[PDB]
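Form deposited without berberine (BER), single chain, as structure tokens, below.
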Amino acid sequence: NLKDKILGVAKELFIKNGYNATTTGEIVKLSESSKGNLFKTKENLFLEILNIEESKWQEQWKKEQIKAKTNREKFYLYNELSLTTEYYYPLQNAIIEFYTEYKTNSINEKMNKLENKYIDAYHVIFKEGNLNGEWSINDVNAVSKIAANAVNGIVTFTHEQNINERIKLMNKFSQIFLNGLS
């Protein structure tokens, strides 16, 4: 598929090099296509990929959260898998570089849904954890944001060391966090 071949190449460059490094010229180069083809704007093509990868990851979580009976377990598992997936999280460096370039209102709103789809996972976990009586979170939305970000950090800023120690820290985190929720 040509349209999904650009989506393919781009994603690659966006991960390897940054959002800046990757240029519309290259995307075309390694695609045997042409500017005339493209996906009008670059930030358009990019946010497209974010959506995809966001969805791919969210789905996998589902076809996977099954192995977790308690929401406490759900929390741990989500944080762990974050470290191993091949979806969304491998693009954080790129996302960051992008964000530092949030002025055009047609963005923070065009991403307001990407922001929530990313914290939802934790929303469900925390809320249903209240429904299931595993803890007592008043400010759910907050904790969800707090967690989504703390985790994204452990995942993003330690991507330079034994993948198994990361999983160890990450688990110690989940431990620490949930223990503090009451």
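Sequential numbering from 1, following the sequence displayed.
Separately, the form solved in complex with berberine (BER) exists; it is not shown, and the next lines address it.
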| property | result |
| --- | --- |
| Shown-form site status with respect to berberine (BER) as positioned in the bound PDB entry after superposition (2.4 Å backbone/C-beta criterion, 3+ atoms) | blocked |
| Among the candidates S31, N130, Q65, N152, the residue which, in the bound PDB entry, approaches berberine (BER) to within 4.5 Å (heavy atoms) | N152 |
| Of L50, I27, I125, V143, the one that lies within 4.5 Å of berberine (BER) in the bound PDB entry (heavy atoms) | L50 |
| Three-residue site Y76, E134 and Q175 fully in contact with berberine (BER) in the bound PDB entry at 4.5 Å by heavy atom | no |
| Contact of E54 with berberine (BER) in the bound PDB entry (heavy atom, 4.5 Å) | yes |
| Touches berberine (BER) in the bound PDB entry: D139 (any heavy atom, 4.5 Å) | no |
| Contacts with berberine (BER) in the bound PDB entry - residues in 100-132 whose heavy atoms fall within 4.5 Å | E115, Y118 |
| Among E73, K145, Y87, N132, the one marking the hinge of the rigid-body motion between the shown form and the other one | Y87 |
| Cα-Cα trend for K172 and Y87, given that in the bound PDB entry the distance shifts by 3 Å or more | closer |
| Direction of the Cα shift between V151 and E86 in the bound PDB entry, where the change is 3 Å or more | closer |
